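Reproduced below: coords.pdb, with PDB, C-alpha atoms and all ligand atoms.
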```pdb
ATOM      1  CA  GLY A 952     -64.901  58.093  54.349  1.00  0.00           C
ATOM      2  CA  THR A 953     -63.260  60.238  51.655  1.00  0.00           C
ATOM      3  CA  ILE A 954     -65.278  61.632  48.788  1.00  0.00           C
ATOM      4  CA  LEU A 955     -63.914  63.765  45.905  1.00  0.00           C
ATOM      5  CA  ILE A 956     -66.072  66.615  44.520  1.00  0.00           C
ATOM      6  CA  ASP A 957     -65.174  67.961  41.050  1.00  0.00           C
ATOM      7  CA  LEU A 958     -65.113  71.702  40.793  1.00  0.00           C
ATOM      8  CA  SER A 959     -66.367  73.359  37.655  1.00  0.00           C
ATOM      9  CA  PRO A 960     -63.841  75.526  35.787  1.00  0.00           C
ATOM     10  CA  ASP A 961     -66.492  78.305  36.100  1.00  0.00           C
ATOM     11  CA  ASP A 962     -66.330  78.088  39.914  1.00  0.00           C
ATOM     12  CA  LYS A 963     -64.347  80.888  41.582  1.00  0.00           C
ATOM     13  CA  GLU A 964     -62.767  78.279  43.841  1.00  0.00           C
ATOM     14  CA  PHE A 965     -61.406  76.365  40.802  1.00  0.00           C
ATOM     15  CA  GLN A 966     -60.070  79.608  39.381  1.00  0.00           C
ATOM     16  CA  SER A 967     -58.299  80.743  42.557  1.00  0.00           C
ATOM     17  CA  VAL A 968     -56.622  77.299  43.085  1.00  0.00           C
ATOM     18  CA  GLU A 969     -55.556  77.205  39.390  1.00  0.00           C
ATOM     19  CA  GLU A 970     -54.074  80.688  39.734  1.00  0.00           C
ATOM     20  CA  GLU A 971     -51.939  79.652  42.789  1.00  0.00           C
ATOM     21  CA  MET A 972     -50.747  76.653  40.806  1.00  0.00           C
ATOM     22  CA  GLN A 973     -49.797  78.609  37.650  1.00  0.00           C
ATOM     23  CA  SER A 974     -48.387  81.713  39.305  1.00  0.00           C
ATOM     24  CA  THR A 975     -45.965  79.849  41.590  1.00  0.00           C
ATOM     25  CA  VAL A 976     -44.050  78.029  38.785  1.00  0.00           C
ATOM     26  CA  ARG A 977     -40.318  78.947  38.755  1.00  0.00           C
ATOM     27  CA  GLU A 978     -37.101  77.774  37.086  1.00  0.00           C
ATOM     28  CA  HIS A 979     -35.180  75.180  39.048  1.00  0.00           C
ATOM     29  CA  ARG A 980     -31.455  74.883  39.525  1.00  0.00           C
ATOM     30  CA  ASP A 981     -31.444  71.403  38.023  1.00  0.00           C
ATOM     31  CA  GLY A 982     -32.477  72.742  34.592  1.00  0.00           C
ATOM     32  CA  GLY A 983     -35.630  70.514  34.744  1.00  0.00           C
ATOM     33  CA  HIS A 984     -33.917  67.222  35.651  1.00  0.00           C
ATOM     34  CA  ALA A 985     -36.276  66.240  38.517  1.00  0.00           C
ATOM     35  CA  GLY A 986     -39.543  67.773  37.432  1.00  0.00           C
ATOM     36  CA  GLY A 987     -39.331  68.422  33.703  1.00  0.00           C
ATOM     37  CA  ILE A 988     -39.006  71.482  31.468  1.00  0.00           C
ATOM     38  CA  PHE A 989     -42.087  73.791  31.491  1.00  0.00           C
ATOM     39  CA  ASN A 990     -43.278  77.301  32.414  1.00  0.00           C
ATOM     40  CA  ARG A 991     -46.914  76.380  32.942  1.00  0.00           C
ATOM     41  CA  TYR A 992     -49.412  73.545  33.338  1.00  0.00           C
ATOM     42  CA  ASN A 993     -52.501  72.178  31.644  1.00  0.00           C
ATOM     43  CA  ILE A 994     -54.976  71.806  34.494  1.00  0.00           C
ATOM     44  CA  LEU A 995     -57.262  68.846  33.811  1.00  0.00           C
ATOM     45  CA  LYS A 996     -59.207  68.569  37.066  1.00  0.00           C
ATOM     46  CA  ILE A 997     -59.513  70.124  40.521  1.00  0.00           C
ATOM     47  CA  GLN A 998     -61.302  68.111  43.204  1.00  0.00           C
ATOM     48  CA  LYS A 999     -62.227  69.038  46.766  1.00  0.00           C
ATOM     49  CA  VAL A1000     -61.257  66.317  49.279  1.00  0.00           C
ATOM     50  CA  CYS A1001     -64.006  65.795  51.849  1.00  0.00           C
ATOM     51  CA  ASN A1002     -63.418  63.571  54.901  1.00  0.00           C
ATOM     52  CA  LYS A1003     -65.077  64.488  58.194  1.00  0.00           C
ATOM     53  CA  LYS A1004     -62.867  62.362  60.425  1.00  0.00           C
ATOM     54  CA  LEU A1005     -59.639  63.676  58.879  1.00  0.00           C
ATOM     55  CA  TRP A1006     -60.946  67.263  59.049  1.00  0.00           C
ATOM     56  CA  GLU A1007     -61.764  66.938  62.755  1.00  0.00           C
ATOM     57  CA  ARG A1008     -58.318  65.461  63.389  1.00  0.00           C
ATOM     58  CA  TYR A1009     -56.824  68.552  61.674  1.00  0.00           C
ATOM     59  CA  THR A1010     -58.978  71.109  63.584  1.00  0.00           C
ATOM     60  CA  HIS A1011     -58.334  69.446  66.942  1.00  0.00           C
ATOM     61  CA  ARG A1012     -54.549  69.816  66.501  1.00  0.00           C
ATOM     62  CA  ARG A1013     -54.999  73.327  65.057  1.00  0.00           C
ATOM     63  CA  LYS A1014     -56.715  74.454  68.315  1.00  0.00           C
ATOM     64  CA  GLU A1015     -53.905  72.919  70.401  1.00  0.00           C
ATOM     65  CA  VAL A1016     -51.234  74.775  68.416  1.00  0.00           C
ATOM     66  CA  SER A1017     -53.280  77.991  68.468  1.00  0.00           C
ATOM     67  CA  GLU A1018     -53.618  77.852  72.276  1.00  0.00           C
ATOM     68  CA  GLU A1019     -49.815  77.447  72.585  1.00  0.00           C
ATOM     69  CA  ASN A1020     -49.160  80.456  70.254  1.00  0.00           C
ATOM     70  CA  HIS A1021     -51.345  83.342  71.429  1.00  0.00           C
ATOM     71  CA  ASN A1022     -54.417  82.099  69.535  1.00  0.00           C
ATOM     72  CA  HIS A1023     -52.565  82.041  66.207  1.00  0.00           C
ATOM     73  CA  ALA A1024     -52.486  78.755  64.242  1.00  0.00           C
ATOM     74  CA  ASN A1025     -50.391  80.442  61.506  1.00  0.00           C
ATOM     75  CA  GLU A1026     -52.269  78.506  58.836  1.00  0.00           C
ATOM     76  CA  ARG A1027     -51.069  78.468  55.213  1.00  0.00           C
ATOM     77  CA  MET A1028     -52.155  76.862  51.936  1.00  0.00           C
ATOM     78  CA  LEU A1029     -49.200  74.964  50.483  1.00  0.00           C
ATOM     79  CA  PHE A1030     -48.384  72.355  47.803  1.00  0.00           C
ATOM     80  CA  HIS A1031     -47.406  68.739  48.376  1.00  0.00           C
ATOM     81  CA  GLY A1032     -46.113  66.296  45.714  1.00  0.00           C
ATOM     82  CA  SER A1033     -45.850  62.603  46.506  1.00  0.00           C
ATOM     83  CA  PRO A1034     -46.118  59.126  45.031  1.00  0.00           C
ATOM     84  CA  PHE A1035     -48.510  58.432  47.952  1.00  0.00           C
ATOM     85  CA  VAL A1036     -51.191  60.999  47.050  1.00  0.00           C
ATOM     86  CA  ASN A1037     -53.853  58.203  46.930  1.00  0.00           C
ATOM     87  CA  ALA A1038     -53.104  56.958  50.448  1.00  0.00           C
ATOM     88  CA  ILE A1039     -52.953  60.544  51.789  1.00  0.00           C
ATOM     89  CA  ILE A1040     -56.396  61.571  50.618  1.00  0.00           C
ATOM     90  CA  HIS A1041     -57.948  58.395  52.153  1.00  0.00           C
ATOM     91  CA  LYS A1042     -55.984  57.940  55.406  1.00  0.00           C
ATOM     92  CA  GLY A1043     -54.510  61.423  56.091  1.00  0.00           C
ATOM     93  CA  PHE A1044     -50.838  62.390  56.438  1.00  0.00           C
ATOM     94  CA  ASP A1045     -48.691  60.210  58.758  1.00  0.00           C
ATOM     95  CA  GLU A1046     -45.032  59.088  59.286  1.00  0.00           C
ATOM     96  CA  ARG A1047     -45.042  56.971  56.037  1.00  0.00           C
ATOM     97  CA  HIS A1048     -45.401  60.234  54.066  1.00  0.00           C
ATOM     98  CA  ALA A1049     -42.265  61.826  55.638  1.00  0.00           C
ATOM     99  CA  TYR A1050     -39.094  62.658  53.728  1.00  0.00           C
ATOM    100  CA  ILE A1051     -36.498  60.854  55.840  1.00  0.00           C
ATOM    101  CA  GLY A1052     -33.590  62.379  53.892  1.00  0.00           C
ATOM    102  CA  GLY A1053     -34.868  65.976  53.962  1.00  0.00           C
ATOM    103  CA  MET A1054     -32.582  68.912  54.806  1.00  0.00           C
ATOM    104  CA  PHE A1055     -34.624  69.758  57.922  1.00  0.00           C
ATOM    105  CA  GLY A1056     -34.905  66.189  59.141  1.00  0.00           C
ATOM    106  CA  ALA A1057     -37.528  63.514  58.753  1.00  0.00           C
ATOM    107  CA  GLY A1058     -40.823  65.329  58.458  1.00  0.00           C
ATOM    108  CA  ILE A1059     -43.532  66.086  55.965  1.00  0.00           C
ATOM    109  CA  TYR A1060     -42.509  68.782  53.498  1.00  0.00           C
ATOM    110  CA  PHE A1061     -44.567  71.472  51.753  1.00  0.00           C
ATOM    111  CA  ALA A1062     -43.804  74.155  49.119  1.00  0.00           C
ATOM    112  CA  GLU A1063     -45.035  77.655  48.212  1.00  0.00           C
ATOM    113  CA  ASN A1064     -43.779  76.977  44.670  1.00  0.00           C
ATOM    114  CA  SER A1065     -46.017  74.416  42.902  1.00  0.00           C
ATOM    115  CA  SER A1066     -43.071  73.567  40.592  1.00  0.00           C
ATOM    116  CA  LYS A1067     -40.984  72.519  43.642  1.00  0.00           C
ATOM    117  CA  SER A1068     -43.668  69.996  44.731  1.00  0.00           C
ATOM    118  CA  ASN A1069     -43.860  68.836  41.067  1.00  0.00           C
ATOM    119  CA  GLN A1070     -40.274  67.512  41.431  1.00  0.00           C
ATOM    120  CA  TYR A1071     -41.553  64.937  43.971  1.00  0.00           C
ATOM    121  CA  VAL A1072     -44.690  63.529  42.301  1.00  0.00           C
ATOM    122  CA  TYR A1073     -42.765  60.613  40.700  1.00  0.00           C
ATOM    123  CA  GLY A1074     -40.509  60.223  43.761  1.00  0.00           C
ATOM    124  CA  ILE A1075     -37.472  61.897  45.333  1.00  0.00           C
ATOM    125  CA  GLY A1076     -35.621  63.798  42.625  1.00  0.00           C
ATOM    126  CA  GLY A1077     -38.329  62.741  40.175  1.00  0.00           C
ATOM    127  CA  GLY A1078     -37.544  59.017  40.646  1.00  0.00           C
ATOM    128  CA  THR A1079     -37.471  57.347  37.237  1.00  0.00           C
ATOM    129  CA  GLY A1080     -40.157  59.647  35.799  1.00  0.00           C
ATOM    130  CA  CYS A1081     -43.659  58.657  34.728  1.00  0.00           C
ATOM    131  CA  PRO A1082     -44.519  54.950  35.132  1.00  0.00           C
ATOM    132  CA  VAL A1083     -45.447  54.540  31.445  1.00  0.00           C
ATOM    133  CA  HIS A1084     -42.515  56.212  29.637  1.00  0.00           C
ATOM    134  CA  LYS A1085     -39.885  56.568  32.406  1.00  0.00           C
ATOM    135  CA  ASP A1086     -39.627  60.257  31.519  1.00  0.00           C
ATOM    136  CA  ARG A1087     -39.268  62.870  34.303  1.00  0.00           C
ATOM    137  CA  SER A1088     -40.236  65.477  31.730  1.00  0.00           C
ATOM    138  CA  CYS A1089     -43.265  63.528  30.365  1.00  0.00           C
ATOM    139  CA  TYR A1090     -45.753  65.853  28.660  1.00  0.00           C
ATOM    140  CA  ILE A1091     -48.401  63.131  28.146  1.00  0.00           C
ATOM    141  CA  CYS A1092     -48.898  61.429  31.472  1.00  0.00           C
ATOM    142  CA  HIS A1093     -51.290  62.881  34.086  1.00  0.00           C
ATOM    143  CA  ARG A1094     -49.731  64.117  37.301  1.00  0.00           C
ATOM    144  CA  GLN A1095     -51.318  64.924  40.690  1.00  0.00           C
ATOM    145  CA  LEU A1096     -50.475  67.444  43.440  1.00  0.00           C
ATOM    146  CA  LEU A1097     -52.208  68.310  46.721  1.00  0.00           C
ATOM    147  CA  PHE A1098     -52.942  71.887  47.734  1.00  0.00           C
ATOM    148  CA  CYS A1099     -53.100  71.573  51.518  1.00  0.00           C
ATOM    149  CA  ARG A1100     -54.136  73.474  54.613  1.00  0.00           C
ATOM    150  CA  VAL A1101     -51.103  73.464  56.952  1.00  0.00           C
ATOM    151  CA  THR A1102     -50.795  74.664  60.554  1.00  0.00           C
ATOM    152  CA  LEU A1103     -47.305  76.112  61.173  1.00  0.00           C
ATOM    153  CA  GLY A1104     -47.765  77.600  64.628  1.00  0.00           C
ATOM    154  CA  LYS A1105     -44.454  78.893  65.931  1.00  0.00           C
ATOM    155  CA  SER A1106     -42.071  78.113  63.086  1.00  0.00           C
ATOM    156  CA  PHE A1107     -38.309  77.732  63.461  1.00  0.00           C
ATOM    157  CA  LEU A1108     -36.587  79.911  60.821  1.00  0.00           C
ATOM    158  CA  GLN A1109     -33.708  78.195  59.010  1.00  0.00           C
ATOM    159  CA  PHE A1110     -31.729  80.347  56.544  1.00  0.00           C
ATOM    160  CA  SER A1111     -30.488  77.981  53.820  1.00  0.00           C
ATOM    161  CA  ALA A1112     -29.328  77.247  50.257  1.00  0.00           C
ATOM    162  CA  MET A1115     -40.395  61.110  62.188  1.00  0.00           C
ATOM    163  CA  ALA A1116     -38.179  63.694  64.004  1.00  0.00           C
ATOM    164  CA  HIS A1117     -39.532  66.290  66.479  1.00  0.00           C
ATOM    165  CA  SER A1118     -39.902  69.989  65.809  1.00  0.00           C
ATOM    166  CA  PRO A1119     -37.234  72.099  67.541  1.00  0.00           C
ATOM    167  CA  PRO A1120     -38.118  72.588  71.249  1.00  0.00           C
ATOM    168  CA  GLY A1121     -40.656  75.419  71.655  1.00  0.00           C
ATOM    169  CA  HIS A1122     -41.696  75.272  67.911  1.00  0.00           C
ATOM    170  CA  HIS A1123     -44.444  73.572  65.812  1.00  0.00           C
ATOM    171  CA  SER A1124     -42.700  73.517  62.429  1.00  0.00           C
ATOM    172  CA  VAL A1125     -39.592  74.512  60.466  1.00  0.00           C
ATOM    173  CA  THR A1126     -39.405  77.179  57.727  1.00  0.00           C
ATOM    174  CA  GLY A1127     -36.692  76.779  55.092  1.00  0.00           C
ATOM    175  CA  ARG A1128     -36.005  80.343  53.939  1.00  0.00           C
ATOM    176  CA  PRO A1129     -34.293  80.582  50.552  1.00  0.00           C
ATOM    177  CA  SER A1130     -30.817  82.294  51.109  1.00  0.00           C
ATOM    178  CA  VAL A1131     -29.044  81.975  47.669  1.00  0.00           C
ATOM    179  CA  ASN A1132     -31.679  81.615  44.936  1.00  0.00           C
ATOM    180  CA  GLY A1133     -33.393  84.979  45.005  1.00  0.00           C
ATOM    181  CA  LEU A1134     -36.396  83.659  43.042  1.00  0.00           C
ATOM    182  CA  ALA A1135     -37.265  80.613  45.240  1.00  0.00           C
ATOM    183  CA  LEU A1136     -40.174  80.735  47.645  1.00  0.00           C
ATOM    184  CA  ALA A1137     -40.145  79.135  51.086  1.00  0.00           C
ATOM    185  CA  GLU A1138     -40.461  75.419  52.017  1.00  0.00           C
ATOM    186  CA  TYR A1139     -41.956  74.139  55.292  1.00  0.00           C
ATOM    187  CA  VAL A1140     -41.780  70.982  57.457  1.00  0.00           C
ATOM    188  CA  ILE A1141     -44.239  69.664  60.017  1.00  0.00           C
ATOM    189  CA  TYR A1142     -43.518  66.659  62.252  1.00  0.00           C
ATOM    190  CA  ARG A1143     -47.109  65.619  62.968  1.00  0.00           C
ATOM    191  CA  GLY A1144     -49.489  64.414  60.259  1.00  0.00           C
ATOM    192  CA  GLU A1145     -52.452  66.022  62.004  1.00  0.00           C
ATOM    193  CA  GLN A1146     -51.010  69.467  61.198  1.00  0.00           C
ATOM    194  CA  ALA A1147     -52.056  69.248  57.537  1.00  0.00           C
ATOM    195  CA  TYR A1148     -55.323  68.535  55.684  1.00  0.00           C
ATOM    196  CA  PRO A1149     -55.246  67.619  51.935  1.00  0.00           C
ATOM    197  CA  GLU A1150     -57.931  70.021  50.717  1.00  0.00           C
ATOM    198  CA  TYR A1151     -57.567  69.926  46.943  1.00  0.00           C
ATOM    199  CA  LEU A1152     -56.450  67.216  44.528  1.00  0.00           C
ATOM    200  CA  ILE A1153     -55.117  68.783  41.310  1.00  0.00           C
ATOM    201  CA  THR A1154     -54.697  66.677  38.168  1.00  0.00           C
ATOM    202  CA  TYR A1155     -52.505  68.249  35.491  1.00  0.00           C
ATOM    203  CA  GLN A1156     -49.901  67.946  32.766  1.00  0.00           C
ATOM    204  CA  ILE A1157     -46.730  69.993  32.481  1.00  0.00           C
ATOM    205  CA  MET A1158     -46.681  71.871  29.139  1.00  0.00           C
ATOM    206  CA  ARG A1159     -43.794  71.845  26.605  1.00  0.00           C
ATOM    207  CA  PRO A1160     -42.598  75.455  26.134  1.00  0.00           C
ATOM    208  CA  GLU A1161     -43.166  76.913  22.651  1.00  0.00           C
TER     209      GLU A1161
HETATM  210  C1  LIG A1201     -38.357  68.361  50.069  1.00  0.00           C
HETATM  211  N1  LIG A1201     -39.598  69.031  49.617  1.00  0.00           N
HETATM  212  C2  LIG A1201     -39.545  70.494  49.263  1.00  0.00           C
HETATM  213  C3  LIG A1201     -40.961  71.098  49.427  1.00  0.00           C
HETATM  214  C4  LIG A1201     -41.933  70.283  48.533  1.00  0.00           C
HETATM  215  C5  LIG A1201     -41.817  68.880  48.760  1.00  0.00           C
HETATM  216  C6  LIG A1201     -40.676  68.291  49.292  1.00  0.00           C
HETATM  217  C7  LIG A1201     -40.610  66.900  49.461  1.00  0.00           C
HETATM  218  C8  LIG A1201     -41.656  66.054  49.107  1.00  0.00           C
HETATM  219  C9  LIG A1201     -41.629  64.641  49.351  1.00  0.00           C
HETATM  220  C10 LIG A1201     -42.842  63.923  49.436  1.00  0.00           C
HETATM  221  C11 LIG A1201     -42.891  62.536  49.675  1.00  0.00           C
HETATM  222  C12 LIG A1201     -41.720  61.834  49.890  1.00  0.00           C
HETATM  223  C13 LIG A1201     -40.504  62.513  49.844  1.00  0.00           C
HETATM  224  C14 LIG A1201     -40.450  63.900  49.586  1.00  0.00           C
HETATM  225  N2  LIG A1201     -42.785  66.658  48.566  1.00  0.00           N
HETATM  226  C15 LIG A1201     -42.874  68.022  48.369  1.00  0.00           C
HETATM  227  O1  LIG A1201     -43.891  68.443  47.819  1.00  0.00           O
HETATM  228 ZN    ZN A1202     -45.367  59.392  30.492  1.00  0.00          ZN
END
```
Could you express the structure from this file as C-alpha cells?
Ligand SMILES: CN1CCCc2c1cc(-c1ccccc1)[nH]c2=O
Ligand SMILES: [Zn+2]
Amino acid sequence: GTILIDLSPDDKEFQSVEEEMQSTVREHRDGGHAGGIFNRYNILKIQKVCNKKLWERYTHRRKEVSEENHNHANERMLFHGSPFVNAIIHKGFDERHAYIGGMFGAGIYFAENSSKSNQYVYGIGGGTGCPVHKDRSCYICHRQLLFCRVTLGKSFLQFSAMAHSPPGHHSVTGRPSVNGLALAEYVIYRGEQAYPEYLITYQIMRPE
C-alpha cells in the first residue's frame, strides 16, 4: 500500500527537507573512508512516503508512549541510511533493519547528522561502496536516505565517544562526548516507533 509522491523543488516542503540534509553535513573522524569525501550533496529527488497502514501503526505506538510520558511523545525528525531502504518504505521498520553490532545494542539507529547516516547507505562502514564501481566515495552513483519521524519518549542518556530499551525508557540517546562537532544519534527497539516520511535521492559532491 505504499505510494511515493514527488515534491517539486518549488515546494516549501522540498526546500525545508533539503536544508536539513545540507546543513547537517559534518567532517567524520574516518577522513571519508565509510561515506566518501564531500561537504555537500546534489539533491536529485525528494519523495513523500504515503502508507496508511504503516502510519496508523506509528500513531498507535506514539499514543502509548505519550501516555507513559506525561503526554509527551518526544518526536523528532531524523536521518536513516540503510541498504534496506526499499523494504523499509514498503513494509515499515522491523527487527531485520536493526544494527546488531551497534554501540547501544541491537536496535534501529538514527542520526541528526545526514552525513552520519550516509556512512550506512552501502552497508556498515560503507560496505564495499557503490554496487557499480565498488567506491565508497562514488560521485556518480545515486544514493538514498530516509528522513524519518521518530518517537523517543523517555530517552536514556548515554555520554559517549532486537534488544529492549533500558527499563523505564523508550529509547537511547548517544550524546557526543569527544567530538565537539558531532550531533546526537538515537536508538529505538521497536519498529513501530518510526515512520519513513521522506525518501531522498542524492549524490555526494566532489569538493572544489
Ligand atoms: C549506527 N548508526 C549511527 C546513526 C545513523 C545510522 C546508524 C546505523 C545505521 C544502520 C542501518 C542499517 C543497518 C546497520 C546500521 N544507519 C544509520 O543511519
Ligand atoms: Zn558508483
Problem set entry | Nearest residue to residue A:1093 from the set A:1126, A:1157, A:1078, A:1064 (distances using all atoms listed in the file) |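 Checking each of A:1126, A:1157, A:1078, A:1064 against residue A:1093, counting all atoms listed in the file, the winner is A:1157.
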For this session: Using the chain letters and numbers from the file, give me the residues hit by the PyMOL selection byres (((not hetatm)) within 7 of (chain A and resi 1201)), as a VMD selection string.
Result: chain A and resid 1030 to 1034 1048 to 1050 1053 1059 to 1062 1067 to 1069 1071 1074 to 1075 1138 to 1139
Can you spit out the residues from that selection as a short mmCIF file (atom, residue, chain, number, x, y, z; two decimals), in the coordinates of the input, using C-alpha atoms?
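See selection.cif below for the written result:
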```
data_model
loop_
_atom_site.label_atom_id
_atom_site.label_comp_id
_atom_site.auth_asym_id
_atom_site.auth_seq_id
_atom_site.Cartn_x
_atom_site.Cartn_y
_atom_site.Cartn_z
CA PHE A 1030 -48.38 72.36 47.80
CA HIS A 1031 -47.41 68.74 48.38
CA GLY A 1032 -46.11 66.30 45.71
CA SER A 1033 -45.85 62.60 46.51
CA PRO A 1034 -46.12 59.13 45.03
CA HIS A 1048 -45.40 60.23 54.07
CA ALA A 1049 -42.26 61.83 55.64
CA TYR A 1050 -39.09 62.66 53.73
CA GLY A 1053 -34.87 65.98 53.96
CA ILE A 1059 -43.53 66.09 55.96
CA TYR A 1060 -42.51 68.78 53.50
CA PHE A 1061 -44.57 71.47 51.75
CA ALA A 1062 -43.80 74.16 49.12
CA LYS A 1067 -40.98 72.52 43.64
CA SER A 1068 -43.67 70.00 44.73
CA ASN A 1069 -43.86 68.84 41.07
CA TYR A 1071 -41.55 64.94 43.97
CA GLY A 1074 -40.51 60.22 43.76
CA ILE A 1075 -37.47 61.90 45.33
CA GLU A 1138 -40.46 75.42 52.02
CA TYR A 1139 -41.96 74.14 55.29
#
```
With the cut-off set at 9 Å and counting only C-alpha atoms and all ligand atoms, tabulate each residue of chain A with an atom at most that distance from an atom of ligand ZN 1202 (chain A), showing the nearest atom pair and its distance in Å to one decimal, ordered by chain and increasing number, as CSV.
```
residue,atom,partner,partner_atom,distance
A:1080,CA,A:ZN1202,ZN,7.4
A:1081,CA,A:ZN1202,ZN,4.6
A:1082,CA,A:ZN1202,ZN,6.5
A:1083,CA,A:ZN1202,ZN,4.9
A:1084,CA,A:ZN1202,ZN,4.4
A:1085,CA,A:ZN1202,ZN,6.5
A:1086,CA,A:ZN1202,ZN,5.9
A:1087,CA,A:ZN1202,ZN,8.0
A:1088,CA,A:ZN1202,ZN,8.1
A:1089,CA,A:ZN1202,ZN,4.6
A:1090,CA,A:ZN1202,ZN,6.7
A:1091,CA,A:ZN1202,ZN,5.4
A:1092,CA,A:ZN1202,ZN,4.2
A:1093,CA,A:ZN1202,ZN,7.8
```
For this session: Measuring atom to atom with only C-alpha atoms, identify which of A:983, A:1112, A:989, A:1015 is nearest to residue A:1134.
Result: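 Counting only C-alpha atoms, the residue closest to residue A:1134 is A:1112.
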Exercise. When you draw a straight line from atom CA of residue A:1152 to atom CA of residue A:1103, how long is it in Å?
Worked result: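 Atom CA of residue A:1152 sits 21.0 Å away from atom CA of residue A:1103.
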Problem set entry | Residue IDs satisfying the PyMOL selection byres (((chain A and resi 1155) around 9) and not hetatm), as a list in words |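 Given this file, the PyMOL selection byres (((chain A and resi 1155) around 9) and not hetatm) evaluates to residues 992, 993, 994, 995, 996, 997, 1092, 1093, 1094, 1095, 1096, 1153, 1154, 1156 and 1157 of chain A.
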Exercise. Interatomic distance between atom CA of residue A:1104 and atom CA of residue A:1013?
Worked result: 8.4 Å
For this session: Please measure the separation of atom CA of residue A:1051 and atom CA of residue A:1035, giving the value in Å to one decimal.
Result: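 Here the two named atoms are 14.6 Å from each other.
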Exercise. So, counting all atoms listed in the file, which residue among A:1140, A:1135, A:1057, A:1097 is closest to residue A:1038?
Worked result: A:1097
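The residues caught by the PyMOL selection byres (((chain A and resi 1027) around 6) and not hetatm) in this file are residues 1026, 1028, 1100 and 1101 of chain A.
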For this session: Find the residue from A:1022, A:1002, A:1111, A:1106 that sits nearest to residue A:1039; use all atoms listed in the file when measuring.
Result: A:1002
Problem set entry | Among listed residues A:1147, A:1054, A:958, A:1072, nearest residue A:1011 (using all atoms listed in the file) |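 Smallest separation from residue A:1011 among the options: A:1147.
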For this session: With a distance cut-off of 7 Å and all atoms listed in the file, select the neighbouring residues of residue A:956, excluding the residue or stretch itself and same-chain residues fewer than 4 positions from it, and output the selection as a list in words.
Result: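 Residues meeting the cut-off are residues 998, 999 and 1000 of chain A.
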What box, with edges along x, y and z, holds each listed atom of stretch 1044-1063 of chain A when 4 Å is added on every side, and can you state its centre and edge lengths in Å to one decimal, as JSON?
```
{"center_x": -41.7, "center_y": 67.3, "center_z": 53.7, "size_x": 26.3, "size_y": 28.7, "size_z": 19.1}
```
Could you add N, CA and C atoms to stretch 1147-1159 of chain A and give me the result as a PDB file, in the coordinates of the input?
```pdb
ATOM      1  N   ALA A1147     -51.740  68.966  58.913  1.00  0.00           N
ATOM      2  CA  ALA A1147     -52.056  69.248  57.537  1.00  0.00           C
ATOM      3  C   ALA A1147     -53.336  68.492  57.129  1.00  0.00           C
ATOM      4  N   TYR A1148     -54.118  69.125  56.276  1.00  0.00           N
ATOM      5  CA  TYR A1148     -55.323  68.535  55.684  1.00  0.00           C
ATOM      6  C   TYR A1148     -55.218  68.683  54.151  1.00  0.00           C
ATOM      7  N   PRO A1149     -55.376  67.581  53.403  1.00  0.00           N
ATOM      8  CA  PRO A1149     -55.246  67.619  51.935  1.00  0.00           C
ATOM      9  C   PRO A1149     -56.541  68.109  51.267  1.00  0.00           C
ATOM     10  N   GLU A1150     -56.665  69.412  51.084  1.00  0.00           N
ATOM     11  CA  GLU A1150     -57.931  70.021  50.717  1.00  0.00           C
ATOM     12  C   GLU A1150     -58.297  69.926  49.238  1.00  0.00           C
ATOM     13  N   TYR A1151     -57.322  70.060  48.360  1.00  0.00           N
ATOM     14  CA  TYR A1151     -57.567  69.926  46.943  1.00  0.00           C
ATOM     15  C   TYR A1151     -56.626  68.926  46.284  1.00  0.00           C
ATOM     16  N   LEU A1152     -57.210  68.117  45.407  1.00  0.00           N
ATOM     17  CA  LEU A1152     -56.450  67.216  44.528  1.00  0.00           C
ATOM     18  C   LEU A1152     -56.453  67.800  43.115  1.00  0.00           C
ATOM     19  N   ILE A1153     -55.270  68.142  42.619  1.00  0.00           N
ATOM     20  CA  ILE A1153     -55.117  68.783  41.310  1.00  0.00           C
ATOM     21  C   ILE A1153     -54.474  67.813  40.331  1.00  0.00           C
ATOM     22  N   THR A1154     -55.166  67.562  39.214  1.00  0.00           N
ATOM     23  CA  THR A1154     -54.697  66.677  38.168  1.00  0.00           C
ATOM     24  C   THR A1154     -54.291  67.544  36.968  1.00  0.00           C
ATOM     25  N   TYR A1155     -53.084  67.336  36.460  1.00  0.00           N
ATOM     26  CA  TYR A1155     -52.505  68.249  35.491  1.00  0.00           C
ATOM     27  C   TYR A1155     -51.488  67.559  34.596  1.00  0.00           C
ATOM     28  N   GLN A1156     -51.117  68.251  33.520  1.00  0.00           N
ATOM     29  CA  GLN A1156     -49.901  67.946  32.766  1.00  0.00           C
ATOM     30  C   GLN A1156     -48.969  69.145  32.781  1.00  0.00           C
ATOM     31  N   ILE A1157     -47.667  68.899  32.745  1.00  0.00           N
ATOM     32  CA  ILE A1157     -46.730  69.993  32.481  1.00  0.00           C
ATOM     33  C   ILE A1157     -46.793  70.277  30.977  1.00  0.00           C
ATOM     34  N   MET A1158     -46.608  71.526  30.570  1.00  0.00           N
ATOM     35  CA  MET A1158     -46.681  71.871  29.139  1.00  0.00           C
ATOM     36  C   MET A1158     -45.311  72.173  28.517  1.00  0.00           C
ATOM     37  N   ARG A1159     -45.055  71.611  27.335  1.00  0.00           N
ATOM     38  CA  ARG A1159     -43.794  71.845  26.605  1.00  0.00           C
ATOM     39  C   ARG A1159     -43.739  73.304  26.168  1.00  0.00           C
TER      40      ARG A1159
END
```
